[PDB]
>>> print(open('query15.cif').read())   # mmCIF, C-alpha atoms and all ligand atoms
data_target
loop_
_atom_site.group_PDB
_atom_site.id
_atom_site.type_symbol
_atom_site.label_atom_id
_atom_site.label_comp_id
_atom_site.auth_asym_id
_atom_site.auth_seq_id
_atom_site.Cartn_x
_atom_site.Cartn_y
_atom_site.Cartn_z
ATOM 1 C CA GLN A 126 -56.820 21.599 -91.886
ATOM 2 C CA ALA A 130 -52.164 23.531 -92.385
ATOM 3 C CA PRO A 131 -52.009 20.887 -89.641
ATOM 4 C CA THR A 132 -53.525 23.118 -86.964
ATOM 5 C CA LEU A 133 -54.575 22.002 -83.485
ATOM 6 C CA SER A 134 -58.244 22.797 -82.892
ATOM 7 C CA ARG A 135 -59.149 21.272 -79.514
ATOM 8 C CA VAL A 136 -57.338 19.819 -76.505
ATOM 9 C CA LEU A 137 -59.479 17.946 -73.964
ATOM 10 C CA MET A 138 -58.028 17.175 -70.530
ATOM 11 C CA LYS A 139 -59.631 15.186 -67.708
ATOM 12 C CA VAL A 140 -57.540 15.821 -64.585
ATOM 13 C CA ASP A 141 -59.001 14.264 -61.417
ATOM 14 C CA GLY A 142 -62.542 15.374 -62.212
ATOM 15 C CA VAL A 143 -61.563 18.707 -63.805
ATOM 16 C CA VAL A 144 -62.422 19.095 -67.498
ATOM 17 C CA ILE A 145 -60.278 21.574 -69.442
ATOM 18 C CA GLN A 146 -61.014 22.394 -73.085
ATOM 19 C CA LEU A 147 -58.335 24.421 -74.878
ATOM 20 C CA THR A 148 -59.176 26.003 -78.235
ATOM 21 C CA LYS A 149 -57.678 28.884 -80.185
ATOM 22 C CA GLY A 150 -58.422 31.894 -77.997
ATOM 23 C CA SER A 151 -60.615 30.023 -75.512
ATOM 24 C CA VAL A 152 -60.072 28.111 -72.265
ATOM 25 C CA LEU A 153 -63.066 26.314 -70.740
ATOM 26 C CA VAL A 154 -63.079 24.711 -67.286
ATOM 27 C CA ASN A 155 -66.043 22.415 -66.570
ATOM 28 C CA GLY A 156 -67.920 24.078 -69.425
ATOM 29 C CA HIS A 157 -67.353 27.624 -68.152
ATOM 30 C CA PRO A 158 -65.025 30.176 -69.788
ATOM 31 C CA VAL A 159 -62.276 31.352 -67.438
ATOM 32 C CA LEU A 160 -59.805 34.232 -67.250
ATOM 33 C CA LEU A 161 -56.139 33.301 -67.078
ATOM 34 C CA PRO A 162 -54.273 32.736 -64.820
ATOM 35 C CA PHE A 163 -56.766 30.209 -63.410
ATOM 36 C CA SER A 164 -56.041 27.972 -60.413
ATOM 37 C CA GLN A 165 -58.558 25.356 -59.288
ATOM 38 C CA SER A 166 -58.428 21.881 -57.716
ATOM 39 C CA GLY A 167 -54.652 21.672 -58.014
ATOM 40 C CA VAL A 168 -54.679 22.634 -61.710
ATOM 41 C CA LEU A 169 -53.072 25.896 -62.851
ATOM 42 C CA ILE A 170 -53.674 27.242 -66.367
ATOM 43 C CA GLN A 171 -51.570 30.211 -67.462
ATOM 44 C CA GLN A 172 -50.911 31.894 -70.805
ATOM 45 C CA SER A 173 -47.564 33.390 -71.796
ATOM 46 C CA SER A 174 -46.269 35.199 -74.877
ATOM 47 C CA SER A 175 -45.543 31.869 -76.601
ATOM 48 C CA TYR A 176 -47.516 29.104 -74.868
ATOM 49 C CA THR A 177 -50.480 27.988 -72.796
ATOM 50 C CA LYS A 178 -49.386 25.876 -69.820
ATOM 51 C CA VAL A 179 -51.584 23.554 -67.754
ATOM 52 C CA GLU A 180 -49.847 22.201 -64.644
ATOM 53 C CA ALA A 181 -51.504 19.458 -62.591
ATOM 54 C CA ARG A 182 -50.158 18.842 -59.084
ATOM 55 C CA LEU A 183 -50.615 15.103 -59.580
ATOM 56 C CA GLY A 184 -47.490 15.463 -61.710
ATOM 57 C CA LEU A 185 -48.212 16.559 -65.277
ATOM 58 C CA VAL A 186 -47.378 19.603 -67.398
ATOM 59 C CA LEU A 187 -49.006 20.321 -70.768
ATOM 60 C CA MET A 188 -47.707 22.999 -73.144
ATOM 61 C CA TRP A 189 -49.658 24.221 -76.171
ATOM 62 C CA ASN A 190 -47.219 26.507 -77.966
ATOM 63 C CA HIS A 191 -47.899 29.071 -80.692
ATOM 64 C CA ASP A 192 -46.023 27.082 -83.353
ATOM 65 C CA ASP A 193 -48.772 24.451 -82.919
ATOM 66 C CA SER A 194 -46.814 22.030 -80.729
ATOM 67 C CA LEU A 195 -48.367 20.064 -77.858
ATOM 68 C CA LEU A 196 -45.776 18.835 -75.347
ATOM 69 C CA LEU A 197 -46.598 16.676 -72.323
ATOM 70 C CA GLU A 198 -44.227 16.048 -69.410
ATOM 71 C CA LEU A 199 -45.211 13.363 -66.900
ATOM 72 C CA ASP A 200 -43.995 12.407 -63.449
ATOM 73 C CA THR A 201 -41.935 9.224 -63.308
ATOM 74 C CA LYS A 202 -44.611 7.585 -61.125
ATOM 75 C CA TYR A 203 -46.772 7.161 -64.252
ATOM 76 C CA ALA A 204 -44.175 5.011 -66.035
ATOM 77 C CA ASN A 205 -45.481 1.733 -67.498
ATOM 78 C CA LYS A 206 -49.064 2.870 -66.839
ATOM 79 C CA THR A 207 -50.067 5.074 -69.807
ATOM 80 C CA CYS A 208 -51.515 4.590 -73.281
ATOM 81 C CA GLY A 209 -52.264 6.685 -76.345
ATOM 82 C CA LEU A 210 -50.225 8.307 -79.088
ATOM 83 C CA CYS A 211 -47.420 8.964 -76.573
ATOM 84 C CA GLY A 212 -46.703 5.283 -75.893
ATOM 85 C CA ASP A 213 -46.856 3.138 -72.781
ATOM 86 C CA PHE A 214 -43.969 4.972 -71.045
ATOM 87 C CA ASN A 215 -41.708 2.053 -70.120
ATOM 88 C CA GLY A 216 -38.368 3.146 -71.612
ATOM 89 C CA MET A 217 -38.491 0.809 -74.631
ATOM 90 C CA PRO A 218 -39.495 2.324 -77.982
ATOM 91 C CA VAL A 219 -41.157 -0.472 -79.970
ATOM 92 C CA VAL A 220 -42.349 -3.038 -77.416
ATOM 93 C CA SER A 221 -45.956 -2.683 -76.155
ATOM 94 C CA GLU A 222 -46.745 0.168 -78.585
ATOM 95 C CA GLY B 999 -63.838 -9.516 -35.334
ATOM 96 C CA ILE B 1000 -65.498 -6.225 -36.203
ATOM 97 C CA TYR B 1001 -68.833 -8.013 -35.751
ATOM 98 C CA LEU B 1002 -71.191 -8.587 -32.838
ATOM 99 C CA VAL B 1003 -73.062 -11.874 -33.245
ATOM 100 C CA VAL B 1004 -76.449 -12.392 -31.606
ATOM 101 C CA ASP B 1005 -77.225 -16.119 -31.601
ATOM 102 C CA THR B 1006 -80.696 -17.536 -30.969
ATOM 103 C CA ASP B 1007 -81.893 -21.093 -30.398
ATOM 104 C CA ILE B 1008 -84.749 -20.658 -32.904
ATOM 105 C CA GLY B 1009 -82.476 -20.644 -35.964
ATOM 106 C CA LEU B 1010 -82.001 -16.868 -36.315
ATOM 107 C CA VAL B 1011 -78.535 -15.275 -36.285
ATOM 108 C CA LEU B 1012 -77.596 -11.591 -36.415
ATOM 109 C CA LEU B 1013 -74.280 -9.941 -37.290
ATOM 110 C CA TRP B 1014 -73.961 -6.247 -36.438
ATOM 111 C CA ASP B 1015 -70.917 -4.122 -37.265
ATOM 112 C CA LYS B 1016 -71.876 -1.557 -34.571
ATOM 113 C CA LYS B 1017 -72.921 0.678 -37.480
ATOM 114 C CA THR B 1018 -75.560 0.861 -40.216
ATOM 115 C CA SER B 1019 -74.746 -2.687 -41.406
ATOM 116 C CA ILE B 1020 -76.754 -5.701 -40.236
ATOM 117 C CA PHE B 1021 -76.845 -9.265 -41.582
ATOM 118 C CA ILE B 1022 -79.682 -11.642 -40.685
ATOM 119 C CA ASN B 1023 -79.243 -15.393 -41.199
ATOM 120 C CA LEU B 1024 -82.435 -17.473 -41.246
ATOM 121 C CA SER B 1025 -82.678 -21.252 -41.143
ATOM 122 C CA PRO B 1026 -84.596 -23.039 -43.932
ATOM 123 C CA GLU B 1027 -87.320 -23.817 -41.360
ATOM 124 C CA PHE B 1028 -88.834 -20.337 -41.886
ATOM 125 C CA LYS B 1029 -89.436 -20.465 -45.645
ATOM 126 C CA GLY B 1030 -92.742 -18.785 -46.448
ATOM 127 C CA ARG B 1031 -93.311 -17.833 -42.796
ATOM 128 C CA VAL B 1032 -91.573 -14.440 -42.543
ATOM 129 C CA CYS B 1033 -92.373 -10.985 -43.917
ATOM 130 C CA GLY B 1034 -91.201 -7.391 -43.718
ATOM 131 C CA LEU B 1035 -88.518 -5.370 -45.491
ATOM 132 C CA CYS B 1036 -86.425 -8.553 -45.893
ATOM 133 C CA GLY B 1037 -88.965 -10.368 -48.071
ATOM 134 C CA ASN B 1038 -90.914 -13.544 -47.429
ATOM 135 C CA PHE B 1039 -88.243 -16.242 -48.037
ATOM 136 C CA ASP B 1040 -89.859 -18.395 -50.712
ATOM 137 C CA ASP B 1041 -86.992 -18.482 -53.281
ATOM 138 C CA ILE B 1042 -88.870 -15.986 -55.511
ATOM 139 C CA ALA B 1043 -87.401 -12.481 -55.576
ATOM 140 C CA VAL B 1044 -90.121 -10.676 -57.544
ATOM 141 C CA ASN B 1045 -92.806 -11.139 -54.862
ATOM 142 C CA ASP B 1046 -90.515 -9.870 -52.082
ATOM 143 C CA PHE B 1047 -92.152 -6.442 -52.532
ATOM 144 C CA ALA B 1048 -95.305 -7.628 -50.750
ATOM 145 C CA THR B 1049 -96.700 -4.830 -48.598
ATOM 146 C CA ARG B 1050 -98.152 -5.104 -45.103
ATOM 147 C CA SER B 1051 -101.568 -5.417 -46.786
ATOM 148 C CA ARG B 1052 -100.313 -8.658 -48.413
ATOM 149 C CA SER B 1053 -100.082 -7.305 -51.961
ATOM 150 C CA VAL B 1054 -97.044 -7.283 -54.247
ATOM 151 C CA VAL B 1055 -96.431 -3.794 -55.643
ATOM 152 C CA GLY B 1056 -93.973 -2.396 -58.157
ATOM 153 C CA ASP B 1057 -93.174 0.811 -56.272
ATOM 154 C CA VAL B 1058 -90.309 0.433 -53.805
ATOM 155 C CA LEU B 1059 -91.392 3.539 -51.885
ATOM 156 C CA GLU B 1060 -94.918 2.254 -51.236
ATOM 157 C CA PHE B 1061 -93.710 -1.214 -50.225
ATOM 158 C CA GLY B 1062 -91.158 0.274 -47.840
ATOM 159 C CA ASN B 1063 -93.586 2.793 -46.341
ATOM 160 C CA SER B 1064 -96.162 0.051 -45.744
ATOM 161 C CA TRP B 1065 -93.805 -1.525 -43.172
ATOM 162 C CA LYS B 1066 -93.324 1.431 -40.815
ATOM 163 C CA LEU B 1067 -94.237 0.591 -37.226
ATOM 164 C CA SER B 1068 -96.080 3.851 -36.515
ATOM 165 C CA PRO B 1069 -98.966 4.733 -38.865
ATOM 166 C CA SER B 1070 -98.592 8.360 -37.741
ATOM 167 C CA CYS B 1071 -95.007 8.503 -39.014
ATOM 168 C CA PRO B 1072 -94.687 10.548 -42.232
ATOM 169 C CA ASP B 1073 -94.245 8.631 -45.467
ATOM 170 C CA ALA B 1074 -90.818 8.591 -47.095
ATOM 171 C CA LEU B 1075 -90.414 10.466 -50.377
ATOM 172 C CA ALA B 1076 -88.123 9.825 -53.322
ATOM 173 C CA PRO B 1077 -84.638 11.189 -52.533
ATOM 174 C CA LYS B 1078 -82.497 13.258 -54.862
ATOM 175 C CA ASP B 1079 -79.627 11.834 -56.878
ATOM 176 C CA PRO B 1080 -76.678 11.992 -54.437
ATOM 177 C CA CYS B 1081 -74.078 12.665 -57.141
ATOM 178 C CA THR B 1082 -76.273 15.266 -58.874
ATOM 179 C CA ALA B 1083 -77.189 17.221 -55.737
ATOM 180 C CA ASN B 1084 -73.528 17.058 -54.619
ATOM 181 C CA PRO B 1085 -71.391 17.000 -57.778
ATOM 182 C CA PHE B 1086 -68.330 18.429 -56.003
ATOM 183 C CA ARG B 1087 -68.037 15.106 -54.144
ATOM 184 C CA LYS B 1088 -68.701 12.901 -57.181
ATOM 185 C CA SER B 1089 -65.109 12.661 -58.412
ATOM 186 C CA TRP B 1090 -63.826 11.812 -54.934
ATOM 187 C CA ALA B 1091 -66.532 9.169 -54.601
ATOM 188 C CA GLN B 1092 -65.473 7.523 -57.849
ATOM 189 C CA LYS B 1093 -61.792 7.822 -56.979
ATOM 190 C CA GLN B 1094 -62.581 6.332 -53.585
ATOM 191 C CA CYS B 1095 -64.740 3.485 -54.899
HETATM 192 CA CA CA C 1 -90.183 -13.940 -52.087
#
>>> encode(input="query15.cif", output="structure tokens", more="lines below")
Ligand SMILES: [Ca+2]
Amino acid sequence: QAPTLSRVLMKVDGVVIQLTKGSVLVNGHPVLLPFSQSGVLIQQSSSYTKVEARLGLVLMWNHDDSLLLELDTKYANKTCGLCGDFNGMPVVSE
Amino acid sequence: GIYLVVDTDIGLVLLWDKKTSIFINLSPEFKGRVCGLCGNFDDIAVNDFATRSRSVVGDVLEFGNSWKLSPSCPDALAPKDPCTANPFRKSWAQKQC
């Protein structure tokens, strides 16, 4: 607290990415964008920070404080969290 | 199968996968009669660390090193943590296992 986003923690196939306002850490080490490692690409644009994982995920942290996640369809019915169980039915199983 | 079975008439059976794995089956006629790195076969697992000098020790390294055939062979030391010395493999290992 404005409902700001302070930290985003990602574990992608053994790669740890910490995104904070003005800082990107990979495995505990600050990095310079664009940064490609172990099939994970982190790049900053004029309006967003994008983390693309070749296993099939895209994360967008925009500058209006919006976090958007797009997943490959192979992860359907296999997820949990605030984003639901990803089975195409809104209420059931969440 | 993938196994090579050596069968003996004394009650001892060996299964070897042509690799580092080996399984030794002993008949109940040898309880309390055997020794070595495989224990002494007396239903008690805490005294299986008996050394060649016939003393149960708490150090695995000492108990193992007491059973080397050649006294002139160097003693084995404590190895490093495999996933700490090689962290770049660790994830794969977990994902594999
Ligand atoms: Ca024993």
>>> closest_residue(input="query15.cif", among="A:200, A:222, A:141, A:180", to="chain B", atoms="all atoms listed in the file")
A:141
>>> residues_near_ligand(input="query15.cif", ligand="ligand CA 1 (chain C)", cutoff="10 Å", atoms="all atoms listed in the file", output="VMD selection string")
chain B and resid 1029 to 1030 1032 to 1033 1036 to 1048 1054
>>> atom_distance(input="query15.cif", atom1="CA of residue 205 (chain A)", atom2="CA of residue 186 (chain A)")
18.0 Å
>>> interface_residues(input="query15.cif", of="chain B", to="chain A", cutoff="10 Å", atoms="all atoms listed in the file", output="list in words")
residues 1086, 1087, 1088, 1089, 1090, 1092 and 1093 of chain B
>>> resolve_selection(input="query15.cif", expression="the PyMOL selection byres (((chain A and resi 162) around 12) and not hetatm)", output="PyMOL selection string")
chain A and resi 152+159-161+163-165+168-173+177-180
>>> write_last_selection(input="query15.cif", atoms="C-alpha atoms", output="PDB file, keeping the file's coordinate frame")
ATOM      1  CA  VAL A 152     -60.072  28.111 -72.265  1.00  0.00           C
ATOM      2  CA  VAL A 159     -62.276  31.352 -67.438  1.00  0.00           C
ATOM      3  CA  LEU A 160     -59.805  34.232 -67.250  1.00  0.00           C
ATOM      4  CA  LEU A 161     -56.139  33.301 -67.078  1.00  0.00           C
ATOM      5  CA  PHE A 163     -56.766  30.209 -63.410  1.00  0.00           C
ATOM      6  CA  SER A 164     -56.041  27.972 -60.413  1.00  0.00           C
ATOM      7  CA  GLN A 165     -58.558  25.356 -59.288  1.00  0.00           C
ATOM      8  CA  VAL A 168     -54.679  22.634 -61.710  1.00  0.00           C
ATOM      9  CA  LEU A 169     -53.072  25.896 -62.851  1.00  0.00           C
ATOM     10  CA  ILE A 170     -53.674  27.242 -66.367  1.00  0.00           C
ATOM     11  CA  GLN A 171     -51.570  30.211 -67.462  1.00  0.00           C
ATOM     12  CA  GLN A 172     -50.911  31.894 -70.805  1.00  0.00           C
ATOM     13  CA  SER A 173     -47.564  33.390 -71.796  1.00  0.00           C
ATOM     14  CA  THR A 177     -50.480  27.988 -72.796  1.00  0.00           C
ATOM     15  CA  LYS A 178     -49.386  25.876 -69.820  1.00  0.00           C
ATOM     16  CA  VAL A 179     -51.584  23.554 -67.754  1.00  0.00           C
ATOM     17  CA  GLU A 180     -49.847  22.201 -64.644  1.00  0.00           C
TER      18      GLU A 180
END
>>> residues_around(input="query15.cif", residues="region 1057-1073 of chain B", least_positions_apart="4", cutoff="8 Å", atoms="all atoms listed in the file", output="ChimeraX atom specification")
/B:1034-1035,1047-1051
>>> resolve_selection(input="query15.cif", expression="the PyMOL selection byres (((chain B and resi 1024) around 7) and not hetatm)", output="JSON, numbers by chain")
{"B": [1009, 1010, 1011, 1022, 1023, 1025, 1026]}
>>> residues_around(input="query15.cif", residues="residue 156 (chain A)", least_positions_apart="5", cutoff="12 Å", atoms="all atoms listed in the file", output="PyMOL selection string")
chain A and resi 137+143-147+151
>>> atom_distance(input="query15.cif", atom1="CA of residue 209 (chain A)", atom2="CA of residue 190 (chain A)")
20.5 Å
>>> atom_distance(input="query15.cif", atom1="CA of residue 175 (chain A)", atom2="CA of residue 191 (chain A)")
5.5 Å
>>> resolve_selection(input="query15.cif", expression="the PyMOL selection byres (((chain A and resi 198) around 9) and not hetatm)", output="ChimeraX atom specification")
/A:184-188,196-197,199-200
>>> closest_residue(input="query15.cif", among="A:219, A:174, A:183, A:155", to="residue 203 (chain A)", atoms="all atoms listed in the file")
A:183
>>> closest_residue(input="query15.cif", among="B:1008, B:1081, B:1075, B:1003", to="residue 1021 (chain B)", atoms="all atoms listed in the file")
B:1003
>>> residues_around(input="query15.cif", residues="residue 214 (chain A)", least_positions_apart="6", cutoff="7 Å", atoms="only C-alpha atoms", output="VMD selection string")
chain A and resid 204 to 207
>>> decode(input="query15.cif", residues="region 1064-1089 of chain B", atoms="N, CA and C atoms", output="CSV table (one decimal), in the first residue's frame")
chain,number,residue,atom,x,y,z
B,1064,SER,N,37.6,-50.1,7.3
B,1064,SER,CA,38.1,-51.2,8.0
B,1064,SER,C,38.0,-52.5,7.1
B,1065,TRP,N,37.2,-52.5,6.1
B,1065,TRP,CA,36.9,-53.7,5.3
B,1065,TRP,C,37.6,-53.8,4.0
B,1066,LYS,N,38.5,-52.8,3.7
B,1066,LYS,CA,39.3,-52.9,2.5
B,1066,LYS,C,40.2,-54.1,2.5
B,1067,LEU,N,40.4,-54.7,1.3
B,1067,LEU,CA,41.2,-55.9,1.3
B,1067,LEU,C,42.7,-55.6,1.5
B,1068,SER,N,43.2,-54.5,0.9
B,1068,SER,CA,44.6,-54.2,1.0
B,1068,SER,C,44.8,-53.1,2.1
B,1069,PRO,N,45.6,-53.4,3.1
B,1069,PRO,CA,45.9,-52.4,4.1
B,1069,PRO,C,46.7,-51.2,3.5
B,1070,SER,N,47.4,-51.4,2.4
B,1070,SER,CA,48.1,-50.3,1.8
B,1070,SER,C,47.3,-49.4,1.0
B,1071,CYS,N,46.0,-49.7,0.8
B,1071,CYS,CA,45.1,-48.9,0.0
B,1071,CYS,C,44.7,-47.6,0.8
B,1072,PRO,N,44.8,-46.5,0.2
B,1072,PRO,CA,44.4,-45.2,1.0
B,1072,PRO,C,43.0,-45.3,1.5
B,1073,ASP,N,42.8,-44.7,2.7
B,1073,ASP,CA,41.5,-44.6,3.3
B,1073,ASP,C,40.6,-43.6,2.5
B,1074,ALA,N,39.3,-44.0,2.5
B,1074,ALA,CA,38.3,-43.1,1.9
B,1074,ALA,C,38.0,-41.9,2.8
B,1075,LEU,N,37.8,-40.8,2.2
B,1075,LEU,CA,37.5,-39.5,2.9
B,1075,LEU,C,36.0,-39.2,2.6
B,1076,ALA,N,35.5,-38.3,3.4
B,1076,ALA,CA,34.1,-37.8,3.3
B,1076,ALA,C,33.9,-37.1,2.0
B,1077,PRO,N,33.0,-37.5,1.1
B,1077,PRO,CA,32.8,-36.8,-0.2
B,1077,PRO,C,32.0,-35.5,0.0
B,1078,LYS,N,32.1,-34.7,-1.0
B,1078,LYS,CA,31.3,-33.4,-1.1
B,1078,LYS,C,29.8,-33.7,-1.3
B,1079,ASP,N,29.0,-32.7,-1.0
B,1079,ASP,CA,27.6,-32.8,-1.4
B,1079,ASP,C,27.4,-32.8,-2.9
B,1080,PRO,N,26.9,-33.8,-3.5
B,1080,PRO,CA,26.8,-33.8,-5.0
B,1080,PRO,C,26.0,-32.7,-5.6
B,1081,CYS,N,24.9,-32.3,-4.9
B,1081,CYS,CA,24.1,-31.2,-5.4
B,1081,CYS,C,24.5,-29.8,-5.0
B,1082,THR,N,25.5,-29.8,-4.1
B,1082,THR,CA,26.1,-28.5,-3.8
B,1082,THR,C,27.4,-28.2,-4.6
B,1083,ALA,N,28.2,-29.2,-4.9
B,1083,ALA,CA,29.3,-29.1,-5.7
B,1083,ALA,C,28.9,-28.9,-7.2
B,1084,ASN,N,27.8,-29.5,-7.6
B,1084,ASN,CA,27.3,-29.4,-8.9
B,1084,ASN,C,25.8,-28.9,-8.9
B,1085,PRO,N,25.6,-27.6,-8.6
B,1085,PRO,CA,24.2,-27.1,-8.5
B,1085,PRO,C,23.6,-27.0,-9.9
B,1086,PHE,N,24.3,-26.8,-11.0
B,1086,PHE,CA,23.8,-26.7,-12.3
B,1086,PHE,C,23.1,-28.0,-12.8
B,1087,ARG,N,23.4,-29.1,-12.2
B,1087,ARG,CA,22.7,-30.4,-12.4
B,1087,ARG,C,21.5,-30.6,-11.5
B,1088,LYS,N,21.4,-29.9,-10.4
B,1088,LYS,CA,20.5,-30.2,-9.3
B,1088,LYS,C,19.1,-30.3,-9.9
B,1089,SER,N,18.6,-29.2,-10.5
B,1089,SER,CA,17.3,-29.1,-11.0
B,1089,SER,C,17.0,-30.3,-11.9
